[PDB]
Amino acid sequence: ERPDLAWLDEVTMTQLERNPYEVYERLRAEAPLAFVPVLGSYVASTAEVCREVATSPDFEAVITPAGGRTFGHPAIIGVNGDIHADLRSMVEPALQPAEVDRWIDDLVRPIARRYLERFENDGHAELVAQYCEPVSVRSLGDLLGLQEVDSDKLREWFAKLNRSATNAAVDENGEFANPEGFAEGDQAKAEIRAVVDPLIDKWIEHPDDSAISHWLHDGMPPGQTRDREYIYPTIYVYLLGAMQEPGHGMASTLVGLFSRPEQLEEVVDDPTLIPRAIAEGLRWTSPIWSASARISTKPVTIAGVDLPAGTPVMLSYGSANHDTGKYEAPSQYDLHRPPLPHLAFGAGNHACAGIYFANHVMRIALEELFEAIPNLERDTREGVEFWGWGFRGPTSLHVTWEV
């Protein structure tokens, strides 16, 4: 469509999944708002355009097409107006900072210890599978009321939901190129229903302190609950991004710290710097890289593009967090970067609802990890592969330490 961007026609999904940064660097210089054929959508790549689209009164939330096929309605990420306000009201109580501070430490710290105890004396570990992901899912799972769902199962569900919700590739007719990729999303949803429908059955008659029970009961007239079909899409949104991203964020922070060994040493010596290390990790490899979207409600002009009403725009926050108009050498992890704003949690009315919770989950897990294994070192004989365009993180993180 845009003639000087004809090279975009040769960009593939695989290339974006394996490393999107080269394409998006060109996009930030050539076309901060650009239609990307394989994605079938306009894409916002700079911090200015992302921030503008995310906060504009001329835009409302929309779900990406593969996200919609995966989550259905009403996914909190893709609804507006009254439904959105109800769902925000539904999820916000356990995420309130004053509430998180009451219990986050007794929640996450014993969990981190239980997983650290399985390997802290081995001298080698794969931290993604053995620590980062389990701590992340076990923490949220217990908060939700999924105490009896195994870590390994929560991790399998978010991986399947991941691949389904990012199955974004379209052919030249605008149709999904790989419709089979939605099947494992459908299978994960089916397993989730078989496991969670009995829990909802119980919570409806016997409410408890689990978050999902509060989603059913909070703000409802006496004897009434929100219909399960009304809350399931948001349960799926949790069982993907809320389960996956704090694991991705702490693992990416570790990889960044390993890439700067004197900063890693500084953080191990002074664990009060862990929150600053995590914030730079989120900027350096944003866990939610390009999975949120908005849609114009009016005709709008963004970055010299005139958009008709009803135009979706994907927000590639992960690219915006490497904006060289904001940062010096963004592809380099640097703990001592000035604490500038970043977009790893989004912006506007649909900005992440779990920021305060997530930052504490990541802080505590890194605290316990560095105290258990202060001589942690990356295994230089293994490579670290980052994967993902919609959600991005390291596929594994092999480490060693002298025992």
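Each residue number is its position in the shown sequence, starting from 1.
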Out of 378 to 386 and 18 to 26, which stretch has the higher average CA B-factor listed in the record? 378 to 386
For the higher mean C-alpha B factor in the entry, choose 210 to 218 or 299 to 307. 299 to 307
Which one of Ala242, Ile274, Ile235, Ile111 shows the top CA temperature factor in the record? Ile111
Quick tally, chain-level thirds of C-alpha B-factors: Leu8 sits in the lowest
Where does the C-alpha B-factor of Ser139 rank in its chain, lowest, middle or highest third? middle
Within this chain, which third does the Cα B-factor at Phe370 fall in: lowest, middle or highest? highest
Place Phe258 in the lowest, middle or highest third of its chain's C-alpha B-factors, as listed in the PDB entry. highest
Taking the values exactly as deposited, rank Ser89 by C-alpha B-factor within its chain and report the matching third: lowest, middle or highest. middle
